[PDB]
Every structure is written in structure tokens, then in C-alpha cells.
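To keep things clear, I will list the structure first and then write my remarks on it.
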Amino acid sequence: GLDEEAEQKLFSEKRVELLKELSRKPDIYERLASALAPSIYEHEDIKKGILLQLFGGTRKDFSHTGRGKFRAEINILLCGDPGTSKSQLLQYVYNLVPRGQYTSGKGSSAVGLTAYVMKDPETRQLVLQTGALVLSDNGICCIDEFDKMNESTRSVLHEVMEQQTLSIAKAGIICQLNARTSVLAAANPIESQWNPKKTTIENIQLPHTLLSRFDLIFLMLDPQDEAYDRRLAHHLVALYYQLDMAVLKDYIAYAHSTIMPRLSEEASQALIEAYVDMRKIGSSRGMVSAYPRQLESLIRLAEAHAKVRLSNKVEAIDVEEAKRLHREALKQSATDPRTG
DNA sequence: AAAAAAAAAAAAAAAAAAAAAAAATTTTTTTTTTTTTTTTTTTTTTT
């Protein structure tokens, strides 16, 4: 938790040295991605993205710049056919992370997510009760069935995902609650099935205003592949008859405790070129167009990868990995700049 | 047929009109009984 991470004496020197060795290990990224959800079969990219979400970028103090508050959290949207294990991944993250909240489909409401007023039935006094987005203030909110979220409540997510703030101005109480959450959402393509004729956006059916907030979108699509089907069946049957959580937890805690990656000059130039190329690619008709929110997303992902590496300095390796992850997500490589 | 807007309802919170509940010893009077005094009646003593 946040308090345990803040406390100085959370790790012995031996544990610190062991974690630093694990970091100097060259495949620590893939090791941790595989460790996450150990019983989810080869979702390497999705697991890597979720790991980056857990690690999170750097907290930045832009108060002196009069710019506002920058969201260091990473948001992920798993757009996939029902039965693609997106709900399983959502539940795994929900049960794994402290300060985790879970909502699904039409079971939520704008007031119930933001806040409301009730009558505390022990003091007989009217008090204010938070919602899921506030209870997950410094953690994660998992929104399953993210498409059955009638806009009345989906509108609330704009403020949360943009400025980490929830400005409530009701009859009696005016305030702005901190909602510095990370959103992991699950969406089903229209008709509950991905038409292999409509483009990515036409299938997702989410407004660009919202989709540009998610700094990672994974298309859980099913390739009709013999090897994949056979190995998946083997794994699923193996579950029917038969890294450590400790090291993973300690690694994440140490990373949050004393890792604050900072952009280097080379990484800055790489990010500039990455954003220009990404915008050029996304200019296509039906693809997910890239706005400067995507440069922000690339910075976030690069910082998260640097934190995973414990570098403390964001590097061209990290920015390139952010490029690769954001590109493999949405299947940009596998989609032509005209059709899906 | 699906999404958004409108409204319609349900339930909960709040503020008066009427009804219902709570809180409450002390002073003065009179009656009885008992005693004291007056006069009449009766008794006793002296011539």
C-alpha cells in the first residue's frame, strides 16, 4: 500500500540488493509480465501493458507552470469479443491491487461513482458518501462492460481521466475530489462480435474524445490458428488437474518508493519523432487518430518502462518500447491505412 | 432497432397544527376532649 511504500524501513538491505540484481537482469520486463496473471495464456502484450499500468509514470508538479495537474496514471481499454478473458484480467487486477474498485455495465450511475448525500443512520446526520472513482483515488478502477455505460455516467470519466479531479457542485456541497485513479476498462464490439469488415473505430464505437484518453487500447481478437487453439486447450485442461508474488510486490514497492524517471535529451528527441510518426500513421481514415494526448501517453508509457527498469532516467529504449506497445495494441501493424 | 431526452414515480427528508403529556403542599378549621368555675342541691354538724 501507499503507507507501506512511504515508510522507509520496508526492505532489508539484502532484499534491496536482490531486487537491484533482478532489475539488472535483462528480461525483467518479460519476467514480470509473465508473472502477472500466471494462469492467463500468452497475452504477453496485454500483461506488459497492465504491468506498466501498475508501475505508473512519474508524478509531476506543474503548479509553478500554471498548467494544471498532469495524469501520471496509465489507462487501458481491452476491446474484445465476449469470452476473450478480458473480464478475467479485470478481476485479477481488481483482486491484486490495493485501492481497487470494480463496476460493470449498467450497474453504476454518475452520482454513485462520484459522490452523494445520505443520512448516516447512527448520528441521524446528513453526510457525504464517496463513490467508486473516489474510493479508488490512488489505485485502480475496473470498468467491465465499458460499452453498456449509458453516456449519462460515461461523461463523468472525462474529468477523472483528464485532470484527476471530480468537481461536484450540488445543492449544498461544492468541492473537487481527488480521483487520481487508473482506469482498466473492458469493451465488447457492437453486435457482441468483431465484424472483420468494419474499421477499428467503427467496431469499437466509442467517441474519439474518450478513446484519446485511454493511453493503451488492446484489441483482443481471435486468430483462427491451429497452434494457438491446441496450446490453449492444453493449458485450459491443465488447469483442471494441476516469479514469486513476494518478489513482484517488493519490486513494485521499491520502484514506487525511489524510482522517478526523468526524460533524457535523446529520449526527448525520440519521443518527438515518435509522436510525429504516430500522428502521420493515425491520419488514416478509420484508424485511431493520434492527438497530443498520444504524445502524453507515450511519455507516460516510456516513464513507466524506465521505472520498471529502475533506471531513474527515461531512455530511448523505454520510448521505443512504448512505441512498440502502443503500436501492437490496436493491431496497427496488422491493419492497412485504408481498411481494418 | 438503438440512443438520448423528458418525465414520471418512488422514496426519503423536513417543518408546522393540533393534540397529548407532565408537574404539583401548605395553610387554615373544626371537632373532641379535658379542665376550671359558678351556682344549686344535698349532706352533715351544732344548738
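Condition check ((1) buried (at least 17 other Cβ atoms within 10 Å of the Cβ); (2) touching a strand residue (DSSP E or B) at 6+ places or on another chain (Cβ under 7 Å); (3) assigned to a helix (DSSP H, G or I)) across all residues:
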residue	(1), (2), (3)
A:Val237	no, no, yes
A:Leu271	yes, no, yes
A:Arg279	no, no, yes
A:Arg285	no, no, no
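With respect to A:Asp229, determine if the residue is over 15 Å from the mean Cα position of the chain (by Cα), on the phi < 0 side of the Ramachandran plot and either within 16 Å of DNA strand B (Cβ to nearest atom) or part of a helix (DSSP H, G or I) (or both). Walk me through how you get there before you give the answer.
Values: over 15 Å from the mean Cα position of the chain (by Cα): yes; on the phi < 0 side of the Ramachandran plot: yes; either within 16 Å of DNA strand B (Cβ to nearest atom) or part of a helix (DSSP H, G or I) (or both): yes.
Taking the combined requirement at face value, the residue satisfies it.
Which residue, of A:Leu126, A:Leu135, is over 23 Å from A:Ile204 (Cα atoms), surrounded by fewer than 19 Cβ atoms within 10 Å (Cβ to Cβ) and either small (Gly, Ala, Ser) or touching a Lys or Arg at 6+ places or on another chain (Cβ under 7 Å) (or both)?
A:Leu126
Go through the range A:299-329 and give me each residue that's surrounded by fewer than 23 Cβ atoms within 10 Å (Cβ to Cβ) and closer than 27 Å to A:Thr199 by Cα.
A:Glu320, A:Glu321, A:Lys323, A:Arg324, A:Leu325, A:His326, A:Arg327, A:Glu328 - these are the residues of the range A:299-329 that are surrounded by fewer than 23 Cβ atoms within 10 Å (Cβ to Cβ) and closer than 27 Å to A:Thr199 by Cα.
Results for (1) within 25 Å of A:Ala246 (Cβ to Cβ); (2) not charged (D, E, K, R), shown as yes or no for each residue.
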position	(1), (2)
A:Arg15	yes, no
A:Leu19	yes, yes
A:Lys25	yes, no
A:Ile40	yes, yes
A:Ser63	no, yes
A:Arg71	no, no
A:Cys79	no, yes
A:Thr84	no, yes
A:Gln88	yes, yes
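Kindly indicate whether A:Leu184 is within 16 Å of DNA strand B (Cβ to nearest atom) and either farther than 30 Å from A:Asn312 by Cβ or not in a helix (DSSP H, G or I) (or both).
Spelling it out, it is not the case that A:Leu184 is within 16 Å of DNA strand B (Cβ to nearest atom) and either farther than 30 Å from A:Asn312 by Cβ or not in a helix (DSSP H, G or I) (or both).
Hey, can you tell me all the residues within the range A:239-257 that are surrounded by 12 or more Cβ atoms within 10 Å (Cβ to Cβ) and part of a helix (DSSP H, G or I)?
Selection gives A:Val247, A:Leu248, A:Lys249, A:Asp250, A:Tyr251, A:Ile252, A:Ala253, A:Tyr254, A:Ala255, A:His256, A:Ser257.
Out of all the residues in the range A:145-173, which are closer than 22 Å to A:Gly80 by Cβ, assigned to a loop (DSSP other than H, G, I, E, B) and more than 10 Å from DNA strand B (Cβ to nearest atom)?
Residues satisfying the conditions are A:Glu145, A:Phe146.
In the range A:188-224, which residues are away from DNA strand B (no atom under 15 Å from the Cβ) and of a type in the set (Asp, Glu)?
A:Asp215, A:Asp222
In this analysis, Cβ positions are derived from the backbone assuming ideal geometry, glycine residues included, and neighbour counts consider all displayed protein chains. Since every read-out is calculated from the coordinates, none of them should be taken as a lab result.
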